[PDB]
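Structure first, commentary second.
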Amino acid sequence: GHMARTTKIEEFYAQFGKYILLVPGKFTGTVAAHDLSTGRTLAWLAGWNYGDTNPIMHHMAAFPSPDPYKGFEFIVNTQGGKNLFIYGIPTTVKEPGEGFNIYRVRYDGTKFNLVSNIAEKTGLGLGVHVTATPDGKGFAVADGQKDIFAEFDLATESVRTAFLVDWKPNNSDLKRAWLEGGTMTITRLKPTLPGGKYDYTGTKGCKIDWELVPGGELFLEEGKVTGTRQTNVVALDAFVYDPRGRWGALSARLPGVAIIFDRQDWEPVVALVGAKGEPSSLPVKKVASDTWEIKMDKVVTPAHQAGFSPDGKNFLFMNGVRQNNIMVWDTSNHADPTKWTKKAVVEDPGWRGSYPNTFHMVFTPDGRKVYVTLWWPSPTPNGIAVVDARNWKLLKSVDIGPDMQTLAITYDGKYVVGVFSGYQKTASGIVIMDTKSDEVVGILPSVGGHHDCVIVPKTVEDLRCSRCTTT
Amino acid sequence: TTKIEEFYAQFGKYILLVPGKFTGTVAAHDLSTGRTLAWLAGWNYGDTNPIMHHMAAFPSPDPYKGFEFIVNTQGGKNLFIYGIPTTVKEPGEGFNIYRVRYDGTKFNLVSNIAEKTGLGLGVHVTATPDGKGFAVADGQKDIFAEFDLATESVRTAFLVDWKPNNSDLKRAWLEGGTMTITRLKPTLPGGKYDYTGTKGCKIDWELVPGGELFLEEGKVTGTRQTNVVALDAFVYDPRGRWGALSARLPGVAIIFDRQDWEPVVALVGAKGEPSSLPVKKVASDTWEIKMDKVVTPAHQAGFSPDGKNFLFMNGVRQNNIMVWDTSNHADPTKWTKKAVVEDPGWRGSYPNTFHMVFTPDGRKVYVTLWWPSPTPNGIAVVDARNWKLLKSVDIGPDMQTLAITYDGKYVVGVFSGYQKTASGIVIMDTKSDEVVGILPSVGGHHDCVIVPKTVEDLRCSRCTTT
Ligand SMILES: [Cl-]
Ligand SMILES: [Cu+2]
Ligand SMILES: [Cu+2]
Ligand SMILES: [Cu+2]
Ligand SMILES: [Cu+2]
Ligand SMILES: [Cu+2]
Ligand SMILES: [Cu+2]
Ligand SMILES: [Cu+2]
């Protein structure tokens, strides 16, 4: 009785509605779109076919389309250089490709089309998170080896702003370069090359020779990451957007700070400090027409993933490794981020060790729940935490598989869709969870080491629960 | 509100293994849980044109604890014939042959047999019936070889060449010619051959479906266009002793004796033509087949699981399945045409019937029905006792290979989007001949295998058919 009778998969896919899931492949070099209504992969593209010799396809965001099945557009970036060598793949390659491309891709109803390489046009090779603006007409990209981020206009493929962030440690000893505090300097960059182009293509600008991998923020203070400016790293990660407009939050993993920027006059306005027991924020001081500073007397713990709720009235930042928790700010005052204050912290007895890290997130459309991945190194099963986003309490945790990464949600709020990625060498898959029962409804196969996933949105309201407001 | 558990619960514990073609990957999926167990990306290892092409897996006592397989690659201008608007000017040479092992957690790239042996061969890979060796054929170079797995060494390699009766390219096959088969010997230090990368190519890419006409029309570039035969596969008699080498352009299957390493007879696909033509030895290492005309090309070739039937699919100028009685295991010169499967809807080049799989009991054979965009592609179901088409089922664009679960319950195939549109894994119930579902697949796969547990399973794997 253990073998099922012949069974069709139709009822399974029918439940989900008409939604397209888009994924990058990390070490596979691919991007793909899957139709959740039929099980078909609609299209894929392999970056090496186009002459990208190190296409570590990393992060992505897609823009609202009136009908994603007839067409949509998205940005996907890559890493490059010695990032090829940090996931245990026993490759003999001596000189890896430079990478750090930013690709604009359009689905036309049949296939993907590689529209442009925005890193080549602009000179900004940036390899970490990609986020769409709330209006769906621009996007940002950050990089945690260079510590630069930029917001870009989609129509003109041009840079609206770019900033460099640098650390100056109180103690030059690498072990204590963050623990004992420092000065963070934020600089508005101006392009140096003809055509208003920046000089940051490929590996140019890297302070460290490879990214700080998931769970590995502290490898740098341990002397396990090489580079020419090791104790000047902050590890920028993402620029996430307030769905109400005007503000974005730039996450810096090593100081555990989220810097709030005003997108109207392009200036940083306040620094939110992640660690439990530390102040809600620290002030930003302007020191020159293009330069601001934040002063920290210590850093208690690194932090990583960040996000606004759909209504913009809560901001989350995930402390990791030295504390593993979800820090929550009351951001209801849209006029003045200097007033945003800590309101809650989600903790759990099971999160007391170095791992699990509270990781990627997605909120339900109504804001009542947030789903948060729980990451561990091999071999402990990684999983999903379900959090009550009104009372700020852990409701349930579920084991899924190795190296759990990002989460998306269908726009009707009914299903969370996430990916796990096998540390680029073992089991991987797409996991789907019903948001009424909080149960896994199934795993689909996935050739991918994805660190991102999105459902293609139809409107700017869908972006409030996409790769716009959170990582 | 619906879980996928009952869906995956219908299948036995079977692993599906797939190459990705233009994705550059290889992957293994557990059909009992939906999880991808492991994948590998060839560009990570410095293969700069990893068109991951054909593969075969060997018997494993417990696939979930470990298994091993061969996967090869194509390279050169094969990168430029799928409509991808790449600006790459100098593609990687390719033609690698990789031995990969799954260890119960990940894939490990064991060796590059093409680099070790000096034979770079880019078309079908087949496992021997004992699971201790494998063959690779190449239809740009017209070379095939059988290899020993344990020692990663060459057991035999042969080159096949065409000398046309009429040197005009449009008439180079139609008006016949002489096919010369030459046993090759290594020419470099340490018993290495000198055929790595694009070395030895007569044409710049593998002929496409229906591509014989494009070659005749001067649309295929290459140094030796009128001397190609387009070798496709070396497929195995599951009873042992014999293999069949398919040559697409003359529509001939050359039968080799695997013990003495000599060709013994040439089966001729075309309906209306003789069962076979003799092979004449003309030197210690050279044999000839003489053809006064070539009536039509052929492609798919292979044995039923009992070894008693051999199939060869004529295409382009006829479109049918030719069937020989191969029950006489002692003497292939006696193998004789016994049936032909035709249909009013099969004429010309399309559908191109270029992959097949039999049920374990040999009662049915499932055949791919491939067409160019945008015609829907599908699967034909053929009764392999009466030799008649039963049904055709539409699947999707660019239908490729077919495998079967070793209990005989489900056909598992792949479709590949012409490397740019919709792709997927499709599963069909062999009792109802209905699709039960499609699962997503980032892949342009032109092969697929279910990992076997026994040598009997190879009778319905990438050994007896392609
Ligand atoms: Cl054998
Ligand atoms: Cu049972
Ligand atoms: Cu991140
Ligand atoms: Cu990542
Ligand atoms: Cu991640
Ligand atoms: Cu073939
Ligand atoms: Cu094929
Ligand atoms: Cu192929």
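Here's how it looks for B:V414: its modeled amide H is under 5 Å from those of B:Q400, B:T401, B:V426, which are all 5 or more places away or on a different chain.
Coupling constants for the stretch A:418-423 follow from the phi torsions by the Karplus curve (6.51 cos²θ - 1.76 cosθ + 1.60, θ = phi - 60°), and in residue order they are x, 10, 10, 9, x, 6 Hz; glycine and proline get x.
From helices alone, the protein assembly as shown scores -500 deg cm²/dmol at 222 nm; the rule is -39500 (n - 2.57) for each run of n ≥ 4 DSSP H residues, then divide by the residue total. Subtracting the Cα-Cα distance of B:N166 and B:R101 from 0.36 nm times their residue separation leaves 18.6 nm of extension gain. Shown here for the stretch A:179-282: chymotrypsin sites (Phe, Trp or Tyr not before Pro) in loop regions (DSSP other than H, G, I, E, B) with at most 16 other Cβ atoms within 10 Å, namely A:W266. Per residue, the convex hull spanned by the Cα atoms of the protein assembly as shown amounts to 157 cubic angstrom.
Treating r as the C-beta distance of A:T380 and A:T228 and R0 as 51 Å, the FRET efficiency rounds to 0.90.
A simple spin-label model places pseudo-atoms 7 Å from Cα toward Cβ; at A:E10 and B:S284 they are separated by 6.8 nm. Tell me the Kirkwood hydrodynamic radius of the stretch B:5-458 in angstroms, computed as one over the mean inverse distance between distinct C-alpha pairs. For the stretch B:5-458, inverting the mean 1/r across all distinct Cα pairs yields 21.9 Å. Amide H contacts of A:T28 (H built 1.01 Å from N, in plane; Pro and chain starts excluded): A:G449 sit under 5 Å, all sequence-distant by 5 or more or on other chains.
Take the Cα of A:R244, step 7 Å toward its Cβ, do the same at A:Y69, and the gap between the two points is 3.8 nm. When the C-alpha to C-alpha distance is required to be over 31 Å, the pairs from B:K293/B:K338; A:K137/B:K3; B:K21/B:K192 that qualify are A:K137/B:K3.
Can you give the average number of partner chain beta-carbon atoms within 10 Å of each beta-carbon in peptide B:82-90, as a whole number? Don't skip to the answer; put the middle values down first.
Working: counts 1, 1, 6, 4, 5, 2, 5, 1, 1.
Neighbouring Cβ atoms belonging to other protein chains average 3 per residue here.
Taking 7 Å steps out from each Cα toward its Cβ at B:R363 and A:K436 produces label points 4.3 nm apart. Pairs from the list B:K77/B:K337; A:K207/A:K393; A:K207/A:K295; A:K197/A:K295; B:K199/B:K271; A:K313/A:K393 with a Cα-Cα gap above 27 Å: B:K77/B:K337; A:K207/A:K393; A:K197/A:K295; B:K199/B:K271. The phi torsions of the stretch A:246-252, fed into the Karplus equation with coefficients 6.51, -1.76 and 1.60 and a -60° offset, translate into couplings of 6, 9, x, 10, 9, 8, 10 Hz, rounded to whole numbers, with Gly and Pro shown as x. A Förster distance of 45 Å, applied to the separation of the beta-carbon atoms of A:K458 and A:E267, puts the FRET efficiency at 0.85. Taking amide H positions as modeled 1.01 Å from N, with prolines and chain starts lacking one, the residues under 5 Å from A:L407 and 5 or more places away or on another chain are A:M361. Peptide B:25-37 is shielded by partner chain Cβ atoms: per residue, an average of 6 of them sit within 10 Å of its Cβ. Peptide B:414-426 shows a mean partner chain C-beta count of 5 within 10 Å per residue C-beta. Shown in residue order for the stretch B:6-23 are the 3J(HN,Hα) couplings computed by the Karplus curve 6.51 cos²θ - 1.76 cosθ + 1.60 at θ = phi - 60°: 5, 4, 6, 6, 6, 9, x, 6, 10, 9, 9, 10, 9, x, x, 6, 6, 6 Hz (x for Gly and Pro).
For B:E342 and A:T187, a Förster radius of 56 Å and the Cβ-Cβ distance give a FRET efficiency of 0.15, rounded to the nearest 0.05. Legend: ranking of residues B:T226, A:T358 from fewest to most surrounding C-beta atoms inside 10 Å; resulting order B:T226, A:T358.
Ordered by the number of other Cβ atoms lying within 10 Å of each residue's own Cβ, fewest first, B:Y64, A:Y411 fall into the sequence B:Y64, A:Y411.
No value in this document is a laboratory result; all are computed from the given coordinates. Backbone-built Cβ (ideal geometry, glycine too); neighbour counts: all protein chains shown.
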